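We name chains A, B, ... by the order of the sequence lines, and we start the count at 1 in each one.
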Number of protein chains: 4
Amino acid sequence: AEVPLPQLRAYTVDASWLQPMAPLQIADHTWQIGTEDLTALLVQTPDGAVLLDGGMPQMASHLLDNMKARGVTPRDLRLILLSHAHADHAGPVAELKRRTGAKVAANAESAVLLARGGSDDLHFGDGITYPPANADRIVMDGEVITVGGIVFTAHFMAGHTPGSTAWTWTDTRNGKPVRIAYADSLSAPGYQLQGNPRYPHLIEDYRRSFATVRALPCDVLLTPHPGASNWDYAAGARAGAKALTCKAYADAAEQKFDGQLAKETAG
Amino acid sequence: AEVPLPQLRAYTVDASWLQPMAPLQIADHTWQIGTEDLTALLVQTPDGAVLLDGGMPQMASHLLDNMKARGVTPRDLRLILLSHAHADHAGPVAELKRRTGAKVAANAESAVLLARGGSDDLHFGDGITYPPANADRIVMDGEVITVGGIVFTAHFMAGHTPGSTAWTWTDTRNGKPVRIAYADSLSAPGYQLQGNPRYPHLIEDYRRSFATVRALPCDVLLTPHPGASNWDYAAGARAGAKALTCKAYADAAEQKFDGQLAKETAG
Amino acid sequence: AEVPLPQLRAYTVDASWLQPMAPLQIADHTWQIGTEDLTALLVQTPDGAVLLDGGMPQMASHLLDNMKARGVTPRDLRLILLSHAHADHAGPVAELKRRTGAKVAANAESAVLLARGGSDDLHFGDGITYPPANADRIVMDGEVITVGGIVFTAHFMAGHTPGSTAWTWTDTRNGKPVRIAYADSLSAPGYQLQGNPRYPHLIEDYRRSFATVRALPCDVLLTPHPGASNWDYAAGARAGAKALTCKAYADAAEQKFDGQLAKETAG
Amino acid sequence: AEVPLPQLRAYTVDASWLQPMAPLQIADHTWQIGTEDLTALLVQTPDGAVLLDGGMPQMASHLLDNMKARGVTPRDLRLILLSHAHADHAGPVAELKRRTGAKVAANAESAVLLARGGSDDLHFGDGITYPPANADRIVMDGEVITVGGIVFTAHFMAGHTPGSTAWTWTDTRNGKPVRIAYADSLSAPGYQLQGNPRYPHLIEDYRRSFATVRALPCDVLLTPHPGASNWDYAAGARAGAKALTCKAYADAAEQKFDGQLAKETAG
Ligand SMILES: CC1(C)S[C@@H]2CS[C@@H](CS)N2[C@H]1C(=O)O
Ligand SMILES: CC1(C)S[C@@H]2CS[C@@H](CS)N2[C@H]1C(=O)O
Ligand SMILES: CC1(C)S[C@@H]2CS[C@@H](CS)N2[C@H]1C(=O)O
Ligand SMILES: CC1(C)S[C@@H]2CS[C@@H](CS)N2[C@H]1C(=O)O
Ligand SMILES: [Zn+2]
Ligand SMILES: [Zn+2]
Ligand SMILES: [Zn+2]
Ligand SMILES: [Zn+2]
Ligand SMILES: [Zn+2]
Ligand SMILES: [Zn+2]
Ligand SMILES: [Zn+2]
Ligand SMILES: [Zn+2]
């Protein structure tokens with residue numbers, strides 16, 4: 001009868017998710033500056049920098065190191081954008097805001113989850129909390145944000161979280177435009193899909209999101225987990241060689257989703 | 001050169017801090033309903049219940065079980081008060097608000113720390129975060145809150161946190177009034193005391209707080225860590241026999257503090 | 001050259017919007033307790049009361065008076081729900097939370113607008129601000145909330161605000177079920193509809209919302225502005241005689257919307 | 001019996017409070033850029049600008065115009081500091097944050113009042129609300145903030161609001177240092193001073209605040225209402241000629257306060 005309540009369990013991840021890497025250039029202004037298996041995109045403009053995702057909470061100083069290596073001081077970081085506000089992508093946002101000039105733009109769903117530090121998650125409860133942060137600007141579906149002339153467009157793709165967002169922008173490479181699509185996760189890891197009281201239209205939202213991702217302007221696809229789009233950040237000059245199209249990414253995710261639905265019904 | 005960033009570390013505590021106990025009566029309306037080494041006080045009135053502190057985050061269901069055993073349903077819990085908003089005392093507040101009718105009253109300092117889930121701590125950084133919660137009412141020093149005729153008075157005693165508070169109220173036992181003082185921690189565990197840029201008047205605040213605690217109306221002293229006031233919750237009918245006076249508690253804390261100052265100067 | 005900046009202008013409304021009325025019964029548990037031209041619905045259950053909308057900020061005490069007349073004390077009010085978080089419907093929510101046991105449930109969009117006190121409105125800027133309030137529970141589209149056995153279902157109908165919601169529930173009258181639909185505004189008063197940078201999919205959302213409202217379970221329709229559904233709260237026993245169906249309400253709103261689009265294109 | 005609830009009343013002020021003025025230089029880096037009777041101080045450094053107070057809500061564009069005239073673009077504004085978070089000093093803060101790079105630093109008391117948009121004021125209720133804004137950094141008493149080498153020190157002086165703050169910094173004029181003290185209001189306009197349930201130690205805090213203001217480093221005193229320190233912003237080259245010392249300002253305020261106490265006791 002002498003059994004204490006369990007200790008808090010820390011959110012632990014594969015080592016490669018926490019393996020620092022030097023900046024890897026994607027296009028003329030766009031760099032991967034996160035870890036080998038977590039995306040954090042730096043977009044550098046004549047009028048300041050944008051960060052899309054930060055990865056895990058303990059990655060803040062690494063990101064700042066890579067920004068510095070790129071010529072970006074804490075004051076130069078103007079804007080943080082997010083794919084979705086889980087601990088492994090928005091983890092260091094609170095600390096980055098404290099240590100830089102960065103302000104956060106996000107949709108309402110991502111803002112309230114971020115402001116909760118990821119607590120009371122629809123699926124994971126309080127299992128994956130991180131330092132809470134406030135959004136400085138609330139964006140609507142299809143809204144644009146422009147920094148130093150690079151134009152970022154929000155495309156809501158609710159499912160993995162209610163606030164899951166794809167961000168698209170046009171960069172250059174070899175004098176030619178490169179339409180980059182940073183599409184969010186389309187996974188539903190351990191989720192109850194059917195009849196979920198916390199997310200009654202979950203399935204309809206995922207289906208709509210597959211269609212949204214399929215139709216993005218998308219010369220180059222990147223995802224918060226690089227493996228999801230067949231990126232290999234450790235592969236240097238061939239890091240993006242095997243990358244999926246947005247269409248292939250959406251199709252793969254939908255096939256997996258359909259399998260999961262069938263297993264849920266059986267399980 | 002292949003070294004990943006460290007995993008997040010969970011806030012782990014002595015087993016006794018997480019050891020559930022049945023409700024232990026302190027006075028006619030006042031019960032200890034937390035664990036063997038973390039205080040959570042239930043005050044039951046004809047017009048609803050008050051909880052002072054909740055302990056650790058994983059204690060929410062245990063607290064609700066003990067409330068139920070006391071005749072208090074989730075709807076009957078009206079108010080949560082806090083000693084200070086660290087993870088081991090305010091841990092389950094967010095979840096309790098979700099699962100009960102309880103609203104939170106706290107001073108501004110405790111409210112902003114609670115709303116941060118204990119992140120960006122003046123001394124511990126992000127090492128001890130917990131689910132964030134919002135305060136429903138902001139209280140000033142000396143302000144009273146009355147529930148079912150039990151009158152709670154706030155006495156600010158800044159130091160351990162900027163928002164550290166003692167709560168006092170008068171209960172009964174054997175037809176006679178019992179002035180209960182729930183005084184906050186007066187410890188400064190691993191704190192930089194002198195010349196702390198995040199807390200420049202830390203020492204002056206602690207000194208003022210020793211004086212405040214010394215003068216509280218105090219037939220019976222209780223503390224968030226029971227050992228600090230020489231309570232032994234596991235000792236049944238003699239649980240409070242060895243309890244310190246508020247004067248002795250303050251004197252002991254000040255002596256320890258003075259020792260720590262001298263060691264800091266030497267160290 | 002001696003011209004000061006203009007004085008702040010107060011949000012002023014037709015007198016009838018501020019004309020108090022006694023409670024008007026809609027069904028066995030459902031009462032209109034607002035003013036002659038602003039809806040505030042009280043639903044009374046064996047397990048506490050629900051308020052849907054509060055009207056204008058200065059209506060808080062009137063609402064509390066009408067609740068008292070109905071047998072509902074401040075402690076009995078459990079839940080506040082909202083159509084949308086503009087000043088003339090969510091106005092007194094902050095004060096009601098301070099003065100009652102009520103907690104607020106709303107979607108993310110309505111929560112962030114409520115938390116801003118209606119400032120930085122997509123269309124009205126800071127022209128219609130009110131006291132800010134926090135949401136205690138975030139609801140998803142189609143999610144249910146149950147109080148004393150009355151089941152409330154959320155139906156998002158974005159347009160008038162991003163967070164505009166219809167609430168439906170089943171009450172009784174004469175032993176027979178009455179499916180009540182409290183549908184939000186479908187107006188777009190002075191809005192820029194086409195190419196709005198703050199709301200790029202505004203038109204698509206309104207169209208979807210007309211379809212949503214048309215299909216609601218709807219024996220009885222009520223709207224935040226009673227005139228919108230042809231209610232006349234001052235008409236006593238015939239107050240709801242001329243009420244529109246949800247289908248007629250949606251059709252009328254869509255026709256008006258189409259006219260407004262055509263005028264915008266011309267204007 | 002046909003009497004509607006009263007219309008909302010706008011917070012209206014003397015015309016001179018809203019009368020724009022060109023920037024007026026105080027010292028080498030410090031400018032008054034508000035209106036003739038509301039202070040808004042711009043401090044310009046090689047590493048960005050600081051704004052102390054903004055005045056009324058409708059002053060945002062005027063402030064931005066004056067900043068531009070000074071060579072300060074929206075991106076150059078790094079920090080907003082506040083005397084206290086009433087509508088006539090923090091009014092345009094939300095809008096300035098939206099339109100500039102500025103982040104807000106304030107103590108906990110001022111932060112929670114700012115976050116409420118000045119609603120539920122201890123003395124004025126909801127009579128003087130303004131757009132709410134979030135603080136980006138919480139400061140403690142005596143804490144310093146450094147921008148481009150100008151060092152700002154916070155001195156809490158609770159009373160007029162719980163979060164009332166004096167800010168001090170050292171600028172230059174004619175090669176000599178000029179210790180500037182921006183001391184908050186010490187007025188208590190229509191306040192209940194004795195036995196105020198919302199502010200039980202009000203009198204003790206004011207007394208402490210008179211002593212704090214008296215002892216500030218103070219070659220030049222400025223106040224949120226210039227008349228309080230005998231500044232005349234419209235008087236050009238003699239604008240500050242008649243300015244009070246911090247000692248004289250504190251003495252005058254204490255004398256007035258004592259008179260008010262005596263009248264309250266009589267009244
Ligand atoms: C560990 C988890 C079950 S909890 C966390 C939330 S969703 C995904 C990270 S994107 N992650 C899940 C996962 O990676 O399976
Ligand atoms: C583990 C800690 C260093 S961090 C945490 C904050 S203060 C105290 C809990 S009251 N606690 C310290 C302690 O118990 O030493
Ligand atoms: C006065 C307004 C232009 S501003 C306010 C926001 S939408 C509507 C109240 S539902 N109301 C508009 C209106 O009633 O026309
Ligand atoms: C108009 C008021 C009664 S309400 C507002 C809050 S304190 C002062 C502005 S500093 N002001 C008071 C005043 O100026 O008398
Ligand atoms: Zn995720
Ligand atoms: Zn992830
Ligand atoms: Zn502690
Ligand atoms: Zn502790
Ligand atoms: Zn409206
Ligand atoms: Zn309306
Ligand atoms: Zn004031
Ligand atoms: Zn003022």
*Asks:* Does D:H89 use its side chain to pair, donor to acceptor, with the backbone of D:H84 at less than 3.5 Å?
*Replies:* no

*Asks:* Could you go through B:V112 and B:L114, starting from their C-alpha distance and side-chain angles, then the distance that decides it, and tell me whether this counts as side chain to side chain contact (heavy atoms under 4.5 Å, CB included)?
*Replies:* CA-CA 5 Å; B:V112 305; B:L114 183 70; over 6 Å; no

*Asks:* Run the salt-bridge test on A:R98 and B:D120 with the 4.0 Å N-O cut-off and return the result as yes or no.
*Replies:* yes

*Asks:* Between D:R238 and D:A241 (side chain of the first, backbone of the second, donor and acceptor by atom type, cut-off under 3.5 Å), is there such a pair?
*Replies:* no

*Asks:* Mind checking the CG-CG spacing from A:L77 to A:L64? Nearest 0.5 Å is all I need.
*Replies:* 8.0 Å

*Asks:* Ring centroid separation for D:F257 and D:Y191, is it under 6.0 angstrom?
*Replies:* no

*Asks:* Give a yes or no on whether a salt bridge exists between B:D205 and B:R208, defined as a side-chain N under 4.0 angstrom from a carboxylate O.
*Replies:* yes

*Asks:* Please check: side-chain N/O of C:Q7 versus main-chain N/O of D:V13, any donor-acceptor pairing under 3.5 Å?
*Replies:* yes

*Asks:* Nearest 0.5 Å please: distance from the CG atom of D:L244 over to the CG atom of D:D251.
*Replies:* 10.0 Å

*Asks:* Is it true that D:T39 and D:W231 share a donor-acceptor pair across their side chains at a distance under 3.5 Å?
*Replies:* no

*Asks:* Apply side chain to side chain contact (heavy atoms under 4.5 Å, CB included) to D:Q32 and D:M21, showing your working.
*Replies:* CA-CA 9 Å; D:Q32 152 67 5; D:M21 62 177 289; 3.6 Å; yes

*Asks:* Where do D:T35 and D:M56 land on the side chain to side chain contact (heavy atoms under 4.5 Å, CB included) test, with the steps shown first?
*Replies:* CA-CA 9 Å; D:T35 52; D:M56 290 280 286; over 6 Å; no

*Asks:* Measuring only between side-chain heavy atoms, which start at C-beta, is B:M157 closer than 4.5 Å to B:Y206?
*Replies:* no

*Asks:* Going by atom types only, do D:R99 and D:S61 share a side-chain donor-acceptor pair under 3.5 Å?
*Replies:* yes

*Asks:* Given side chains that start at C-beta, do those of D:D232 and D:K242 come closer than 4.5 Å, heavy atoms only?
*Replies:* no

*Asks:* Which heavy-atom pair separates B:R116 from D:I138 by the least distance, and what is that distance?
*Replies:* NH1-CG1, 4.1 Å

*Asks:* Among D:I145, D:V50, D:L41, D:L216, whose side chain to side chain contact (heavy atoms under 4.5 Å, CB included) with D:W167 holds?
*Replies:* D:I145

*Asks:* Identify the residue among D:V43, D:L24, D:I150 that makes a side chain to side chain contact (heavy atoms under 4.5 Å, CB included) with D:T30.
*Replies:* D:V43

*Asks:* Which pair of non-hydrogen atoms, one from D:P226 and one from D:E36, has the smallest distance, and what is that distance?
*Replies:* CG-O, 3.8 Å

*Asks:* Assess the residue pair D:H29 and D:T45 against the criterion (side chain to side chain donor-acceptor pair (under 3.5 Å)); give the C-alpha distance rounded to whole Å, side-chain angles, the decisive distance to 0.1 Å, and a yes or no.
*Replies:* CA-CA 7 Å; D:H29 309 306; D:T45 81; over 6 Å; no

*Asks:* Check whether any side-chain heavy atom of D:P92 sits under 4.5 Å from a side-chain heavy atom of D:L63, and report yes or no.
*Replies:* yes

*Asks:* Hey, are the side chains of D:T165 and D:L82 touching, using non-hydrogen atoms and a 4.5 Å cut-off?
*Replies:* no

*Asks:* From D:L81 CG over to D:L52 CG, what is the distance, rounded to the nearest 0.5 angstrom?
*Replies:* 4.5 Å

*Asks:* Can you tell whether the side chains of D:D219 and D:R173 come within less than 4.0 Å, N to carboxylate O?
*Replies:* no

*Asks:* For the backbone of D:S187 and the side chain of D:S185, can you confirm whether one donor and one acceptor N or O come within less than 3.5 Å of each other?
*Replies:* no

*Asks:* Check D:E254 with D:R207, please: is the shortest side-chain N to carboxylate O separation under 4.0 Å?
*Replies:* yes

*Asks:* Taking all non-hydrogen atoms of both residues into account, name the closest pair between D:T223 and D:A228 and its distance.
*Replies:* OG1-CB, 3.7 Å

*Asks:* Might you point out which heavy atoms bring D:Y130 and D:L113 nearest each other, and give the distance in Å?
*Replies:* OH-O, 4.0 Å

*Asks:* Under a 3.5 Å distance rule, please check whether D:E264 uses its side chain to pair with a backbone N or O of D:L261 as donor and acceptor.
*Replies:* no

*Asks:* Any sub-3.5 Å donor-acceptor pair from B:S164's side-chain atoms to B:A158's backbone N or O?
*Replies:* no

*Asks:* I'd like to check D:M59 versus D:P20 (side-chain heavy atoms, cut-off strictly below 4.5 Å). Are they in contact?
*Replies:* no

*Asks:* Which distance, rounded to the nearest 0.5 Å, do you find between the OG of D:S229 and the CG of D:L222?
*Replies:* 6.0 Å

*Asks:* Whether the side chain of A:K103 engages the backbone of D:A102 through a donor-acceptor N/O pair (distance < 3.5 Å, no angle test) should be reported.
*Replies:* yes

*Asks:* Using every non-hydrogen atom in the two residues, find where D:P57 and D:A87 come nearest and quote the distance to one decimal.
*Replies:* CD-O, 3.5 Å

*Asks:* Using side-chain heavy atoms (C-beta onward) and a distance below 4.5 Å, is D:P162 in contact with D:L122?
*Replies:* yes

*Asks:* Under a 3.5 Å distance rule, please check whether D:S110 uses its side chain to pair with a backbone N or O of D:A106 as donor and acceptor.
*Replies:* no

*Asks:* Looking at D:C246 and D:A181, what are the two nearest heavy atoms and their distance?
*Replies:* SG-CB, 3.8 Å

*Asks:* Is there a donor in the side chain of A:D76 and an acceptor in the side chain of A:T73, or the other way round, less than 3.5 Å apart?
*Replies:* yes

*Asks:* Is there a donor-acceptor pair under 3.5 Å between the side chain of D:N66 and the backbone N or O of D:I33?
*Replies:* yes

*Asks:* Please confirm whether D:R179 makes a cation-pi placement over D:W169, using NZ or CZ under 6.0 Å from the six-membered ring centre and within 45° of the ring normal.
*Replies:* no

*Asks:* Would you call A:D136 and A:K97 a salt bridge, using N to O less than 4.0 angstrom?
*Replies:* yes

*Asks:* When rounded to the nearest 0.5 angstrom, what is the spacing between CE in D:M67 and CG in D:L51?
*Replies:* 5.5 Å

*Asks:* Any side-chain heavy atom of D:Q194 sitting closer than 4.5 Å to one from D:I203?
*Replies:* yes

*Asks:* Are D:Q260 and D:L193 close enough, and set up right, to give a side chain to side chain contact (heavy atoms under 4.5 Å, CB included), and what steps lead you there?
*Replies:* CA-CA 8 Å; D:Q260 184 172 341; D:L193 306 179; 3.8 Å; yes

*Asks:* Ignoring hydrogens and angles, tell me if any N or O in the side chain of B:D121 forms a donor-acceptor pair with the backbone of B:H123 under 3.5 Å.
*Replies:* yes

*Asks:* Measuring from D:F152:CZ to D:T170:OG1, what's the distance to the nearest 0.5 Å?
*Replies:* 10.0 Å

*Asks:* Any donor-acceptor pair under 3.5 Å linking the side-chain atoms of D:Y182 with those of D:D53?
*Replies:* yes

*Asks:* For the residue pair B:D141 / D:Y199, report whether a side-chain donor-acceptor contact shorter than 3.5 Å exists.
*Replies:* no

*Asks:* Decide, yes or no, whether a salt bridge links A:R75 with D:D47 under the criterion of side-chain N to carboxylate O below 4.0 Å.
*Replies:* yes

*Asks:* Decide yes or no for D:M140 and D:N107: does some side-chain heavy atom of the first lie under 4.5 Å from some side-chain heavy atom of the second?
*Replies:* no

